[PDB]
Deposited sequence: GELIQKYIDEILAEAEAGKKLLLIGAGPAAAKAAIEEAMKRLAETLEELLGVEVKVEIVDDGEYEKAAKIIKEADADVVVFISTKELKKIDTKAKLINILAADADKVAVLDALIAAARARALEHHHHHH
């Protein structure tokens, strides 16, 4: 849908200009590994298509202060943060928030991967 298209437009445009990207997300205990996997798969897709270096960090659901500390201390031009709640004011990097409920986080990341490979074609 259009929101996914908007998200991948901004991620690709920002990554096209910047050099280092931080992809950070949060997951509940049972989904944390699958969410981290999806994030690494999106990271690899962006590295392969654009040539930008992408670091991945995963925190546990609700660890907003840990995420903010990671983001503020990251050497990154662009930050992509997927969470269910908007993060408060944080950073010199460009921040892109991806909003998604717990049960949708892997599906949203997978839709971004598929949108990026489609834009490549």
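Unmodelled regions of the deposited chain sequence (numbering from residue 1, in sequence order): 91, 123 to 129.
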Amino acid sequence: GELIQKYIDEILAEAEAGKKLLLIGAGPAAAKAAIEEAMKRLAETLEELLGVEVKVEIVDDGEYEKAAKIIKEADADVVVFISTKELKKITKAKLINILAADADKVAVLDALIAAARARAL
From here on, numbers count along this sequence of modelled residues.
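Looking at 20 to 28 and 94 to 102 together, the entry lists the larger mean B-factor for 94 to 102, computed on C-alpha atoms. In this entry, 11 to 19 has the higher mean Cα B-factor, the comparison being between 11 to 19 and 104 to 112. Of all the options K66, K72, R41, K55, the entry's greatest CA B-factor is assigned to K72.
Highest CA B-factor among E47, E37, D77, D60, as stated in the entry: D77.
Placement of the Cα temperature factor of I4 within the chain: lowest third of the modelled residues, per the deposited record.
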